[PDB]
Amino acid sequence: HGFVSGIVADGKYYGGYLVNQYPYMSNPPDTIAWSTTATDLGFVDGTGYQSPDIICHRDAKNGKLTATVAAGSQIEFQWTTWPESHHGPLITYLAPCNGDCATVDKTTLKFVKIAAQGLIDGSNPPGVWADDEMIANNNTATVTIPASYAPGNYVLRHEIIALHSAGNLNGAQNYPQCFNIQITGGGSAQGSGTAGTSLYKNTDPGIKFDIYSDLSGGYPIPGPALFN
């Protein structure tokens, strides 16, 4: 359980969607981050992978602002202190808005995986994962926007999947957080994206996964193919 309280792009801090405050308001502050009703600091599990809830989290609605970021530069995601128990991958996607992301319909978004990290060291299960590296780095995740990516408005979908109960069907806990960005000084490339409700299925090999047994088979990161 946790959320992203803010991000850093082009060296500028942007406050996130404060999920333990903003839902409890008629007129929450404008943010680059999508609103959600995930007030338990909870998650979407396999029972929701084909629901629109998986796209930007429960009941998500468009953020009203957008952050600029240079192609080839790093975005930092400041998570609220993440439990060491909740081992799992960090995955980050871009979907083009083909206009202002403040008025994109989330169900139309086609996400391209631009970064993913999984199991770092599984010699002693449950081992060391991408979220453990995040924790050690001042509870901050980092993602490079590809220098080749075309300039435009995109929803940036950053996600932890906690696998501590993922041996059970619908046991994995997905924590997606969305942000509106405008990539500047870009290239000409863009991936072929996947609809949010097509990213994951509950029987995927990296979803229904036992972190506590021998990990000599590694960990296949779920979701569609990583953009090169």
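Sequential numbering from 1, following the sequence displayed.
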### Query
Going by the B-factors listed in the PDB entry, is the mean over the C-alpha atoms higher for 140-148 or for 86-94?
140-148
### Query
Comparing 211-219 with 15-23, where is the mean C-alpha B-factor higher?
211-219
### Task
Please work out which residue in 39, 173, 35, 180 has the highest C-alpha B-factor recorded for this crystal structure.
39
### Query
Taking the entry's C-alpha B-factors for this chain, is residue 63 in the lowest, middle or highest third?
middle
### Message
Using only modelled residues of the chain, where does the Cα B factor of residue 48 rank: lowest third, middle third or highest third?
### Response
lowest
### Task
Sort the modelled residues of this chain by their C-alpha B factor and say whether residue 72 lands in the lowest, middle or highest third.
middle
### Query
Among the modelled residues of its chain, does the C-alpha B-factor of residue 199 lie in the lowest, middle or highest third?
middle
### Summary
Assert third(CA B-factor, residue 99) within chain per record equals highest
